[PDB]
Amino acid sequence: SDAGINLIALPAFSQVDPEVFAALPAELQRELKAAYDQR
Amino acid sequence: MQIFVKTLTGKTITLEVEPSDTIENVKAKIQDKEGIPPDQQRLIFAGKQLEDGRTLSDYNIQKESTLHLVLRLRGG
Ligand code: NI
Ligand code: NI
Ligand code: NI
């Protein structure tokens, strides 16, 4: 059940709005890129 | 006034706020609509991560502005 956190926090890669990802700080971007590669 | 909160998908959440509202107050309104605890919410404006103790006017967030919402991943 603990898997529910990332089901909401990390939407499918194909659904990410590029303009939203670009508005994030660089550290947040790297944190998200790293999390998507571990899926 | 009205502001917009927007996730990684572009999902948009409309909020009624005042410039004196703190960032914690905004995350509380977000919890009322989305059911996400405020500690797991990260709000971003002008490329910077916003601090809960400050207000919208402290960050020069005016009417019809867009804040970006990124939830915390598990563990963090
Ligand atoms: Ni977009
Ligand atoms: Ni939602
Ligand atoms: Ni807080």
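First the proteins, then the strands, lettered A, B, ... as listed; each starts at 1.
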Task: Heavy-atom closest pair, residues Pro25(A) and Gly47(B) - done: CG-O, 3.3 Å
Task: Heavy-atom pair with the smallest gap, counting every atom of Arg72(B) and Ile5(A) - done: O-CG2, 3.9 Å
Task: Spacing of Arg74(B) atom CZ and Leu7(A) atom CG [to the nearest 0.5 Å] - done: 9.5 Å
Task: Rounded distance [0.5 Å steps], CD in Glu19(A) versus NE2 in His68(B) - done: 6.0 Å
- [ ] Mind running side-chain contact (heavy atoms from CB on, under 4.5 Å) on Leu8(B) and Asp17(A) for me, showing each step along the way?
- [x] CA-CA 6 Å; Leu8(B) 278 166; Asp17(A) 199 336; over 6 Å; no
- [ ] Check whether any side-chain heavy atom of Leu73(B) sits under 4.5 Å from a side-chain heavy atom of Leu10(A), and report yes or no.
- [x] yes
- [ ] List the steps, then state whether side-chain contact (heavy atoms from CB on, under 4.5 Å) holds for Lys11(B) with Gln15(A).
- [x] CA-CA 10 Å; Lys11(B) 169 180 178 179; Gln15(A) 300 232 254; over 6 Å; no
Task: side chain to side chain contact (heavy atoms under 4.5 Å, CB included) involving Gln2(B) - partner list, sequence neighbours excluded - done: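 Partners of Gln2(B) under the side chain to side chain contact (heavy atoms under 4.5 Å, CB included) test: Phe4(B), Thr14(B), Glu64(B).
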Please output the side-chain donor-acceptor pairs of residues 38-46 of chain B that fall under 3.5 Å, not counting sequence neighbours, one pair per line with the distance.
residue: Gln41(B); atom: NE2; partner: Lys27(B); partner atom: O; Å: 3.0
residue: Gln41(B); atom: NE2; partner: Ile36(B); partner atom: O; Å: 2.9
residue: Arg42(B); atom: NE; partner: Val70(B); partner atom: O; Å: 3.4
residue: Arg42(B); atom: NH1; partner: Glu31(A); partner atom: OE1; Å: 3.1
residue: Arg42(B); atom: NH1; partner: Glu31(A); partner atom: OE2; Å: 3.3
residue: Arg42(B); atom: NH2; partner: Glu31(A); partner atom: OE2; Å: 3.2
residue: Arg42(B); atom: NH2; partner: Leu71(B); partner atom: O; Å: 2.9

Task: Interface moiety of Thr7(B) toward chain A, non-hydrogen atoms closer than 4.5 Å - done: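 Answer is backbone: N, CA, C or O of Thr7(B) sit under 4.5 Å from chain A.
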